[PDB]
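Working notes for the structure below.
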Amino acid sequence: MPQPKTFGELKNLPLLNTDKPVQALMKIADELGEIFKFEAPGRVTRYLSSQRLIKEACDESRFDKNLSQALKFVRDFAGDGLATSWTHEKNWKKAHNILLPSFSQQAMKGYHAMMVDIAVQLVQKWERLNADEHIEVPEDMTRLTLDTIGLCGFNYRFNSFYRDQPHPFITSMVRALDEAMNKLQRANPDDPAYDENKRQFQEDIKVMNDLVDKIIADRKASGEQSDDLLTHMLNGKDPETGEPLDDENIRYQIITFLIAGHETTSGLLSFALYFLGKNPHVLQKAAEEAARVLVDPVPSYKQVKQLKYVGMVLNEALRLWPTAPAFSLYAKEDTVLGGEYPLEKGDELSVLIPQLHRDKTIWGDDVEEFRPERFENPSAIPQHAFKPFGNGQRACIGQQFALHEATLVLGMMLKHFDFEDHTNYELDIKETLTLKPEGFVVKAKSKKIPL
Amino acid sequence: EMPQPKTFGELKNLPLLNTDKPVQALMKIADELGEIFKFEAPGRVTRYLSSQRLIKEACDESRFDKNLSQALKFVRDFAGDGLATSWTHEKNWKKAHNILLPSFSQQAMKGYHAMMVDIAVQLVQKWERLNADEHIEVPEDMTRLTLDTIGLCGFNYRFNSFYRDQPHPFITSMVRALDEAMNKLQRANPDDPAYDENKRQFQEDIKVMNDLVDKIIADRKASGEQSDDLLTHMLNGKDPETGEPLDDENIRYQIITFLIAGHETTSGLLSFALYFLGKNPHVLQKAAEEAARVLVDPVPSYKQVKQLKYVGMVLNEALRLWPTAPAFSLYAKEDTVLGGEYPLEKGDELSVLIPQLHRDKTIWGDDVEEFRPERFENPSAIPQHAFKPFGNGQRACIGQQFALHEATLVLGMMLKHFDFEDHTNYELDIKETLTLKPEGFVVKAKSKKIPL
Ligand code: HEM
Ligand code: HEM
Numbered sequence: 005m006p007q008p009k010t011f012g013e014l015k016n017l018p019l020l021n022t023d024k025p026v027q028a029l030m031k032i033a034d035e036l037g038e039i040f041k042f043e044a045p046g047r048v049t050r051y052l053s054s055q056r057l058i059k060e061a062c063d064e065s066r067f068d069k070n071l072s073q074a075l076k077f078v079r080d081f082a083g084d085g086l087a088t089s090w091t092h093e094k095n096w097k098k099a100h101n102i103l104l105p106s107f108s109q110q111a112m113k114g115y116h117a118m119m120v121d122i123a124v125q126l127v128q129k130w131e132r133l134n135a136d137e138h139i140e141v142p143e144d145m146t147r148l149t150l151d152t153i154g155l156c157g158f159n160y161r162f163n164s165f166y167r168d169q170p171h172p173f174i175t176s177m178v179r180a181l182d183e184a185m186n187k188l189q190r191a192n193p194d195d196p197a198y199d200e201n202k203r204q205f206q207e208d209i210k211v212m213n214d215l216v217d218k219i220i221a222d223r224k225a226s227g228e229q230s231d232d233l234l235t236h237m238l239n240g241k242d243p244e245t246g247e248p249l250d251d252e253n254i255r256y257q258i259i260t261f262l263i264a265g266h267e268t269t270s271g272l273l274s275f276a277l278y279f280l281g282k283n284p285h286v287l288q289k290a291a292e293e294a295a296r297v298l299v300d301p302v303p304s305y306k307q308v309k310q311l312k313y314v315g316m317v318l319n320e321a322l323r324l325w326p327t328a329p330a331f332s333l334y335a336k337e338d339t340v341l342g343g344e345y346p347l348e349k350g351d352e353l354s355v356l357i358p359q360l361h362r363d364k365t366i367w368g369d370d371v372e373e374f375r376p377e378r379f380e381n382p383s384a385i386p387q388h389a390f391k392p393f394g395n396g397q398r399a400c401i402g403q404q405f406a407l408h409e410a411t412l413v414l415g416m417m418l419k420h421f422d423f424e425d426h427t428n429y430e431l432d433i434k435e436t437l438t439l440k441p442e443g444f445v446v447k448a449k450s451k452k453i454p455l
Numbered sequence: 004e005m006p007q008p009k010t011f012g013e014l015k016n017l018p019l020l021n022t023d024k025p026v027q028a029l030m031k032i033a034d035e036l037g038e039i040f041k042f043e044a045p046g047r048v049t050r051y052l053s054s055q056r057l058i059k060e061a062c063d064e065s066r067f068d069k070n071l072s073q074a075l076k077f078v079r080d081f082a083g084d085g086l087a088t089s090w091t092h093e094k095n096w097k098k099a100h101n102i103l104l105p106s107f108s109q110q111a112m113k114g115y116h117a118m119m120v121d122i123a124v125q126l127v128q129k130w131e132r133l134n135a136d137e138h139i140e141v142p143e144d145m146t147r148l149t150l151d152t153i154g155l156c157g158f159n160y161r162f163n164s165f166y167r168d169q170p171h172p173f174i175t176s177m178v179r180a181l182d183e184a185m186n187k188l189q190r191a192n193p194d195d196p197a198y199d200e201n202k203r204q205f206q207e208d209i210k211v212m213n214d215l216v217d218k219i220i221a222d223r224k225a226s227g228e229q230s231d232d233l234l235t236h237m238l239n240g241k242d243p244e245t246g247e248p249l250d251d252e253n254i255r256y257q258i259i260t261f262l263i264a265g266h267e268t269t270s271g272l273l274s275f276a277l278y279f280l281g282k283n284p285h286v287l288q289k290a291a292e293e294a295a296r297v298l299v300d301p302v303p304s305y306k307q308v309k310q311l312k313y314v315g316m317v318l319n320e321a322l323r324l325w326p327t328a329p330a331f332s333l334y335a336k337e338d339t340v341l342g343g344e345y346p347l348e349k350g351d352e353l354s355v356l357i358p359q360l361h362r363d364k365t366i367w368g369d370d371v372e373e374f375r376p377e378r379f380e381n382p383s384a385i386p387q388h389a390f391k392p393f394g395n396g397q398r399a400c401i402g403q404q405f406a407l408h409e410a411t412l413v414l415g416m417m418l419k420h421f422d423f424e425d426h427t428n429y430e431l432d433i434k435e436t437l438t439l440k441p442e443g444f445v446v447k448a449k450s451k452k453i454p455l
């Protein structure tokens, strides 16, 4: 098995002590090919980049989801919510079976009006800018995604478009996430220099718990029904066990939806806008469809489904820069990968999604080009070639939500504005637990079509 | 011989006005001493008038003209020779007055109505989107509304106050400049080194205001675009005599002036009206009934606002009790005798104590402290010069029709869309700056769930 340079006891870990480790790992995959071992003190994984090997890794009879160290640190505040649970934990399957119907394509009809509410706020914000002003794209997309998941998730208004400083919940959550990510690159975590970090982390957990627990207790005392995930979780019983989720787990799911959904979806929107700005022919076609389809003052659910080319633009953005760029698996039993590489029970694999998505044997030689027409016939894409939403029963439960949100909002953005890159921005991909184009800014020129 | 409260050696009457609520203190002195009293401080002197009898003489423009109070003189450092801080004799006063009058008529409000609705909808949506425990800071939100409305109607510029915690830098500088000008009134040793930073900041703030407004004027002139705003009217309007428009510098001073003169007075009014409606359930029910009956469309039309008669009366009664620009100052143009009793010399100052005028029991009856909008039901029955919240004559508020159209629209919409409750049992605290407002007034709104 190929492997990058080791540095004594540190092994390969110094190669990930960099602001952009996924990008560095893509460069290693370029050098070493479809599979390479990566060792850190007390752990080992194997990074996979080819569809050939990844299709085996996605065999659920042979491999199951592993909790990466990142996910283990996020569990300190996401608990046994869906994303940070082992498949064999009772609350994983229970929450999965209760929630799956609230996340179907059908269920998006019920969330659509709340998604529209926030999308209109975003458009109105941009319509109201003066000639001298510009848009901070990822910052505004994140205000939108957070507010949308707040409203659809538990009928709560963070009111991000009314503030300079976010709602305290948002500040704590973002800072909690940031700390969990920082712990991955922290060699002496019990050194006194991290006492303040630990104190702040605990304060932030309490801020998130107190708000979400209060909203759950308020809802239960009032008896009111809403079109939100909270109502579904309070009323739902798991078909298998016959049991509903307990209040603590419900809190963890709410926190989980916010964490799992906000930056991934924000990143996607930002990357799509960036690529449209770089590809005028693609832009013209997307904007033509938006104008033809979105004939009403606000989009209907059905109209969003008819934005086919906008959908293709978003898939092509996820091809190039899948915003949750890696997931981790373990071997359920001893097995041989690719007819060549023996693995033992418990051995870890890591899927490098951006590298999968550039497999020339699948996509052709033009893998760096932005061409949404690649997705024109989706039944022609081989199985396990395109995995921005992970795999199998542990795939993104929020896939339909994300894509409905992104299509709606991108359609509306294209219908209402022309966008200019006033700065000749050079793409800078910031890595947190997700990917986004840092510092991406534009100016909008309104088409003056009312809402 | 003129009443005067007790004097204390060189300090004169100044030890009796040791307060940041001088208008309220002066009302108590008027209660004791009556319709007219002299008030001396070291190095100044004026005569406070409280009766309609005397104030009607003071409002004789052949005998008295507007005086620039010390407050107005400090405001002139950044409002320049705009309308509010000019002497009636300054060439730019008469020139600007004649150019701008048609842009402020009742008829002209038809052209501003859509922009006023735009900001009013943003206010209503902000309140609709609050979570249940949240509350409203009334004067703060009313000021966001009035500032943004004058920005949009004045020079088609969006301060976007409902998108922010910290205001647009222009607003921050303007508010801080106003605050400094007010602070100078109570400053002994103004050239002490401890005020160097104040002076530096004041100059920075003037530059911030001038640079933005000058830029917007130059942008407008380069683009050639016409708008429904005061800036378009000032660029095109010509003085009949000279054939000239206002120059670019004066246009800037008028823009700064509209913001200063209009924002807090109108915001105060709205805030006082809401406060009084909360204290008078009978009156509230009647106002809200009219709002529901009149405002039958998803947004108000201009004609509907004109039909909000009782809402208009509520606002006039709020201006009766707490006129938000509470004083104006006059000087004697020539030697003259006031009220057949009090000789005045050329240049002598009078100050109209408007809240005290508005409590003249010989005019309004004994119930002057009650909030009764029905007092205004037949406005032809109110004696001349009895009700002056917008000042007097040619130097009266040019923005009167604007203010009242704004306030009526917004109060109608507020009553249509929400019930309000005072979750704190707030005690009225009337802060005095250049204007009056109910400081700290907070409420919770319960939506009626009527869409926009
Ligand atoms: C473009 C947007 C998004 C992308 C790219 C994305 C990607 C992913 C990926 C790759 C996984 C699997 C992770 C693993 O195997 O360890 C996942 C899981 C998950 N995602 Fe997303 N996601 C997106 C949006 C959302 C949204 C909007 C929500 C919720 C509203 C959400 C909720 C979840 C949840 C709950 C899981 C865990 C599911 C389970 O294991 O049962 N995601 N997502
Ligand atoms: C309830 C709201 C308002 C009240 C109570 C009010 C009151 C007054 C008063 C009492 C004066 C005379 C000051 C003096 O004699 O020294 C005045 C002048 C003025 N007001 Fe207002 N005002 C209001 C709203 C506005 C608005 C909205 C604007 C502009 C859009 C405005 C612009 C002016 C101007 C330019 C003057 C100076 C007029 C001149 O001397 O030629 N006011 N106002």
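Residue numbers (the authors' numbering), protein chains in the order written: chain A, 5 to 455; chain B, 4 to 455.
Just so it is clear, CB atoms sit at the ideal spot from N, CA and C, and this is done for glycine as well.
- Note: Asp84 of chain A is not bridge-paired with any residue in the DSSP secondary-structure output.
- Its Cα nearest to that of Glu320 of chain A, the residue A:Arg375 stands out among A:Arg375, A:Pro8 and A:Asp338.
- The shortest C-alpha to C-alpha distance from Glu183 of chain B to any of B:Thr175, B:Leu414, B:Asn201 and B:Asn381 is the one to B:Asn201.
- Take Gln189 of chain A, set aside five residues on each side of it, and the residues of its chain with a beta-carbon closer than 8 Å to its own are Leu20 and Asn21, in chain order.
- Assigned with DSSP and collapsed to three states, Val48 of chain A falls in strand.
- Sequence-distant Cβ neighbours of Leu322 of chain B in its own chain, meaning closer than 7 Å and more than five residues away, are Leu272 and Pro392.
- Distance from the Cα of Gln27 of chain A is smallest, within the candidate group A:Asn163, A:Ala389 and A:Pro358, for A:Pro358.
- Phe279 of chain B sits in a helix when the DSSP states are folded into three classes.
- For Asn163 of chain B, the neighbours in chain A by C-beta distance under 7 Å run, in chain order, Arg132.
- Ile139 of chain A and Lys447 of chain A have their C-alpha atoms roughly 6 Å apart.
- Burial check for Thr175 of chain B: the Cβ neighbour count within 10 Å stays below 16, so the residue is exposed.
- Its Cα nearest to that of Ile258 of chain A, the residue A:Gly85 stands out among A:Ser72, A:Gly85 and A:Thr91.
- DSSP, reduced to helix, strand and coil, places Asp422 of chain A within a strand of the structure shown.
- In the displayed model, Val299 of chain B falls within coil according to three-state DSSP, outside both helix and strand.
- The DSSP assignment places complete beta strand (DSSP E) segments of no fewer than 3 residues inside the stretch 323-368 of chain B at 330-335, 339-341, 345-347 and 352-356, in order along the chain.
- Closer than 7 Å to some heavy atom of ligand 2: that does not describe the Cβ of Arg79 of chain B.
- Around the beta carbon of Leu103 of chain B, 16 or more other beta carbons sit within 10 angstroms, so the residue counts as buried.
- The beta carbons of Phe81 of chain A and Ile209 of chain A sit about 5 Å from each other, so the pair counts as a contact at 8 Å.
- Counting only the Cα atoms, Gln55 of chain B lies some 7 Å from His388 of chain B.
- Remark: the C-beta of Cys400 of chain A is in contact range of ligand 1, defined as less than 7 Å to any heavy atom.
- Boundaries for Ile220 of chain A: no beta strand (DSSP E) harbours it, while the alpha helix (DSSP H) harbouring it runs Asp199 to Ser226, taken from the DSSP string.
- In the DSSP assignment, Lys306 of chain B falls within the alpha helix (DSSP H) that extends over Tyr305 to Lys309.
- Interface residue (Cβ-Cβ distance to chain B less than 8 Å): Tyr166 of chain A is classified as such.
- Contact annotation: the stretch 107-114 of chain A touches the stretch 393-407 of chain A, with at least three C-beta pairs closer than 8 Å.
- For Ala448 of chain A, the enclosing beta strand (DSSP E) covers residues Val445 to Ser450.
- Under the Cβ criterion of 8 Å, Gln229 of chain A is not counted among the residues facing chain B.
- Within 7 Å of the C-beta of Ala276 of chain B there is not a single heavy atom belonging to ligand 1.
- Against chain A, the beta carbon of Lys129 of chain B has neighbours under 7 Å at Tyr166, listed in chain order.
- With respect to the C-alpha of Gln229 of chain A, the residue from A:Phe158, A:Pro25, A:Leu298 and A:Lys59 having the closest C-alpha is A:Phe158.
- Check the Cα spacing between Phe77 of chain B and each of B:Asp369, B:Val127, B:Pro25 and B:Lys187: the tightest is with B:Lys187.
- Looking at the DSSP output, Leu19 of chain A sits in no beta bridge, so it has no partner there.
- Contact between the stretch 62-73 of chain A and the stretch 332-339 of chain A is established, with three or more Cβ pairs separated by less than 8 Å.
- In the assembly as shown, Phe205 of chain A is a buried residue. Its beta-carbon has 16 or more other beta-carbons within 10 Å.
- When the alpha-carbon of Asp351 of chain A is set against those of A:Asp422, A:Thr339 and A:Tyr305, the nearest one is in A:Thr339.
- The way I'd put it, the stretch 117-135 of chain A does touch the stretch 414-423 of chain A; three or more beta-carbon pairs between them come closer than 8 Å.
- Of the residues assessed, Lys15 of chain B falls on the buried side of the cut-off, its CB having 16 or more other CB atoms within 10 angstroms.
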